[PDB]
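Here the structure comes first, spelled out in structure tokens, and everything after it is commentary.
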Amino acid sequence: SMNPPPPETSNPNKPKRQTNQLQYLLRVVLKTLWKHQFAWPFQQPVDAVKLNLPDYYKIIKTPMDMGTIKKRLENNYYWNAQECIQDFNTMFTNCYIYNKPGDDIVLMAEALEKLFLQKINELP
Ligand SMILES: Cc1nnc2c(N[C@H](C)C(N)=O)cc(-c3ccccc3Oc3ccccc3)nn12
């Protein structure tokens with residue numbers, strides 16, 4: 001079995017722009033979620049080979065994770081904050097789609113998402 005290539009994190013043809021909102025997303029949002037006790041499964045792409053989840057990438061067609069988001073913020077991949085917010089939302093939704101309500105992993109994602117939304121309420 002094999003994992004897919006990770007989501008794109010570098011593309012010199014994509015126009016980039018630093019904004020104070022993107023800086024907040026890195027300095028506050030990403031860095032706070034990263035240290036949460038439930039962040040670890042989300043700090044890198046799902047390794048479906050290591051976890052023996054052969055259907056994962058048959059079902060999840062837009063993978064996303066905070067390791068990828070961290071790379072996208074630290075080597076600025078984005079034009080606007082909404083693109084980054086969308087990446088977080090894709091990460092959460094993938095987990096809810098692949099797993100069952102009330103599963104441990106879903107409860108972990110829900111805790112991260114609650115925190116994420118609280119921080120987004122203070123986006124500058
Ligand atoms: C993201 C994302 N979305 N779904 C899953 C997922 N699903 C499987 C079917 C499941 N038993 O819940 C597992 C993991 C995952 C990643 C790295 C290391 C261990 C992992 O297993 C965990 C399982 C429960 C809680 C914590 C970790 N990450 N993950």
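Scheme for the structure tokens: letters A, B, ... for chains in order shown; per-chain residue numbers from 1; ligand numbers from 1 in order shown.
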
List every residue of segment 4-80 of chain A that DSSP, applied to the backbone of this structure, assigns to helix (DSSP H, G or I), and report them as a compact mmCIF listing (two decimals) with N, CA and C atoms, in the first residue's frame.
```txt
# COMPACT_ATOMS: atom_id res chain seq x y z
N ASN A 20 -1.78 40.97 7.70
CA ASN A 20 -1.82 40.88 9.15
C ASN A 20 -2.73 39.74 9.62
N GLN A 21 -3.76 39.41 8.83
CA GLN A 21 -4.61 38.28 9.18
C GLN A 21 -3.85 36.96 9.08
N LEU A 22 -3.11 36.77 7.99
CA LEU A 22 -2.28 35.58 7.88
C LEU A 22 -1.25 35.51 9.00
N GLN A 23 -0.67 36.65 9.38
CA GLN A 23 0.32 36.62 10.46
C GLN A 23 -0.33 36.20 11.77
N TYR A 24 -1.56 36.66 12.02
CA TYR A 24 -2.29 36.22 13.20
C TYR A 24 -2.59 34.73 13.14
N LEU A 25 -2.96 34.23 11.97
CA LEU A 25 -3.22 32.80 11.83
C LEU A 25 -2.01 31.96 12.20
N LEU A 26 -0.80 32.43 11.91
CA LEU A 26 0.40 31.70 12.31
C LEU A 26 0.74 31.96 13.77
N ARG A 27 0.81 33.24 14.16
CA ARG A 27 1.35 33.60 15.47
C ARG A 27 0.42 33.15 16.59
N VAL A 28 -0.89 33.21 16.36
CA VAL A 28 -1.88 32.93 17.39
C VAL A 28 -2.59 31.61 17.13
N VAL A 29 -3.22 31.47 15.96
CA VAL A 29 -4.15 30.36 15.75
C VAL A 29 -3.40 29.04 15.64
N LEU A 30 -2.50 28.93 14.66
CA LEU A 30 -1.78 27.68 14.46
C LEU A 30 -0.96 27.33 15.70
N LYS A 31 -0.23 28.30 16.24
CA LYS A 31 0.65 27.98 17.35
C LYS A 31 -0.12 27.56 18.60
N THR A 32 -1.32 28.10 18.81
CA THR A 32 -2.14 27.68 19.95
C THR A 32 -2.71 26.27 19.74
N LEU A 33 -3.28 26.00 18.56
CA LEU A 33 -3.81 24.67 18.31
C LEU A 33 -2.70 23.62 18.36
N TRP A 34 -1.51 23.97 17.89
CA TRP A 34 -0.41 23.01 17.80
C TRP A 34 -0.05 22.44 19.17
N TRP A 40 -1.86 16.12 18.23
CA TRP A 40 -0.85 15.27 17.62
C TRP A 40 -1.31 14.47 16.40
N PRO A 41 -2.53 13.92 16.34
CA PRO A 41 -2.94 13.20 15.13
C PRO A 41 -3.08 14.10 13.92
N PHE A 42 -3.17 15.41 14.15
CA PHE A 42 -3.41 16.37 13.10
C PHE A 42 -2.17 17.15 12.71
N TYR A 56 -8.65 5.10 3.40
CA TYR A 56 -8.70 6.50 3.81
C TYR A 56 -8.67 7.42 2.60
N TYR A 57 -7.70 7.22 1.71
CA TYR A 57 -7.55 8.08 0.54
C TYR A 57 -8.40 7.65 -0.63
N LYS A 58 -9.21 6.59 -0.47
CA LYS A 58 -10.32 6.35 -1.38
C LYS A 58 -11.51 7.23 -1.05
N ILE A 59 -11.66 7.61 0.21
CA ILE A 59 -12.80 8.39 0.69
C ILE A 59 -12.46 9.87 0.81
N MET A 66 -2.55 19.95 9.95
CA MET A 66 -1.88 21.14 10.46
C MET A 66 -0.40 21.18 10.13
N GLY A 67 0.23 20.04 9.86
CA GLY A 67 1.61 20.09 9.39
C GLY A 67 1.70 20.81 8.06
N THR A 68 0.79 20.48 7.14
CA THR A 68 0.71 21.17 5.86
C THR A 68 0.37 22.64 6.03
N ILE A 69 -0.60 22.95 6.90
CA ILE A 69 -0.96 24.34 7.14
C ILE A 69 0.24 25.10 7.70
N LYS A 70 0.95 24.50 8.65
CA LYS A 70 2.13 25.15 9.22
C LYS A 70 3.15 25.49 8.13
N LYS A 71 3.40 24.56 7.21
CA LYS A 71 4.33 24.84 6.11
C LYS A 71 3.79 25.96 5.22
N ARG A 72 2.49 25.92 4.93
CA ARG A 72 1.88 26.95 4.10
C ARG A 72 1.95 28.33 4.75
N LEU A 73 1.89 28.40 6.08
CA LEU A 73 1.99 29.70 6.73
C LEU A 73 3.44 30.16 6.87
N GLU A 74 4.36 29.24 7.18
CA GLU A 74 5.74 29.63 7.46
C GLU A 74 6.52 29.94 6.19
```

| field | Near-ligand residues for ligand 1, threshold 7 Å, only C-alpha atoms and all ligand atoms, as a PyMOL selection string | value | chain A and resi 41-42+46-47+51+53+94-95+98-99+103-105

Please produce an output containing N, CA and C atoms for each residue in the selection, written as a PDB file, in the first residue's frame.
```
ATOM      1  N   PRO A  41      -2.533  13.918  16.343  1.00  0.00           N
ATOM      2  CA  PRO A  41      -2.944  13.195  15.129  1.00  0.00           C
ATOM      3  C   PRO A  41      -3.079  14.098  13.925  1.00  0.00           C
ATOM      4  N   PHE A  42      -3.166  15.405  14.149  1.00  0.00           N
ATOM      5  CA  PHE A  42      -3.414  16.374  13.095  1.00  0.00           C
ATOM      6  C   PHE A  42      -2.165  17.154  12.714  1.00  0.00           C
ATOM      7  N   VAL A  46      -2.343  12.170   7.360  1.00  0.00           N
ATOM      8  CA  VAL A  46      -2.714  10.816   7.758  1.00  0.00           C
ATOM      9  C   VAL A  46      -1.852   9.815   6.999  1.00  0.00           C
ATOM     10  N   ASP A  47      -1.116   8.987   7.748  1.00  0.00           N
ATOM     11  CA  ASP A  47      -0.279   7.929   7.182  1.00  0.00           C
ATOM     12  C   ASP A  47      -1.148   6.679   7.147  1.00  0.00           C
ATOM     13  N   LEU A  51      -1.104   3.213   9.553  1.00  0.00           N
ATOM     14  CA  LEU A  51      -2.282   2.961  10.371  1.00  0.00           C
ATOM     15  C   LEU A  51      -3.175   1.856   9.827  1.00  0.00           C
ATOM     16  N   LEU A  53      -5.166   1.821   7.192  1.00  0.00           N
ATOM     17  CA  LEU A  53      -6.448   2.399   6.803  1.00  0.00           C
ATOM     18  C   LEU A  53      -6.461   2.502   5.283  1.00  0.00           C
ATOM     19  N   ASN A  94     -12.897  16.537   7.006  1.00  0.00           N
ATOM     20  CA  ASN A  94     -12.397  15.216   6.618  1.00  0.00           C
ATOM     21  C   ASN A  94     -12.529  14.228   7.768  1.00  0.00           C
ATOM     22  N   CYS A  95     -12.170  14.665   8.973  1.00  0.00           N
ATOM     23  CA  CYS A  95     -12.215  13.782  10.127  1.00  0.00           C
ATOM     24  C   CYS A  95     -13.646  13.362  10.423  1.00  0.00           C
ATOM     25  N   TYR A  98     -14.769  10.837   7.580  1.00  0.00           N
ATOM     26  CA  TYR A  98     -14.175   9.506   7.579  1.00  0.00           C
ATOM     27  C   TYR A  98     -14.577   8.694   8.805  1.00  0.00           C
ATOM     28  N   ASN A  99     -14.748   9.346   9.948  1.00  0.00           N
ATOM     29  CA  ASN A  99     -14.958   8.661  11.214  1.00  0.00           C
ATOM     30  C   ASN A  99     -16.432   8.739  11.625  1.00  0.00           C
ATOM     31  N   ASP A 103     -16.648   9.126  18.000  1.00  0.00           N
ATOM     32  CA  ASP A 103     -15.339   8.486  18.027  1.00  0.00           C
ATOM     33  C   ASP A 103     -14.325   9.383  18.726  1.00  0.00           C
ATOM     34  N   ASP A 104     -13.322   8.759  19.349  1.00  0.00           N
ATOM     35  CA  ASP A 104     -12.273   9.523  20.022  1.00  0.00           C
ATOM     36  C   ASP A 104     -11.666  10.580  19.104  1.00  0.00           C
ATOM     37  N   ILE A 105     -11.302  10.194  17.877  1.00  0.00           N
ATOM     38  CA  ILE A 105     -10.640  11.138  16.974  1.00  0.00           C
ATOM     39  C   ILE A 105     -11.562  12.306  16.642  1.00  0.00           C
TER      40      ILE A 105
END
```

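Each of A:39, A:118, A:49, A:77 was checked against residue 91 of chain A using only C-alpha atoms; the smallest atom-to-atom distance is that of A:39.
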
| 8 Å contact set for residue 76 of chain A, only C-alpha atoms, chain neighbours under 5 positions out, as a list in words | residues 16, 17, 18 and 71 of chain A

Could you save those same residues with N, CA and C atoms as a compact mmCIF listing (two decimals), in the first residue's frame?
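Output below, filename part.txt:
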```txt
# COMPACT_ATOMS: atom_id res chain seq x y z
N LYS A 16 1.66 35.25 -3.94
CA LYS A 16 1.71 35.23 -2.49
C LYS A 16 1.55 36.65 -1.97
N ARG A 17 0.96 36.77 -0.79
CA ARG A 17 0.80 38.08 -0.17
C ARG A 17 0.78 37.88 1.33
N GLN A 18 1.63 38.61 2.04
CA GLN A 18 1.58 38.62 3.49
C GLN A 18 0.53 39.63 3.95
N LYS A 71 3.40 24.56 7.21
CA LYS A 71 4.33 24.84 6.11
C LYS A 71 3.79 25.96 5.22
```

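Take the candidates A:97, A:85, A:111, A:117 and check each one against residue 61 of chain A using only C-alpha atoms; the shortest distance goes to A:97.
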
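Across A:19, A:35, A:115, A:64, the tightest approach to residue 7 of chain A is made by A:64 when counting only C-alpha atoms.
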
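Going from atom CA of residue 102 of chain A to atom CA of residue 1 of chain A covers 28.5 Å.
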
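With atom CA of residue 108 of chain A on one side and atom CA of residue 124 of chain A on the other, the separation reads 26.7 Å.
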
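Distance annotation: of A:114, A:12, A:4, A:90, the residue with the minimal separation from residue 54 of chain A is A:4; atom set is only C-alpha atoms.
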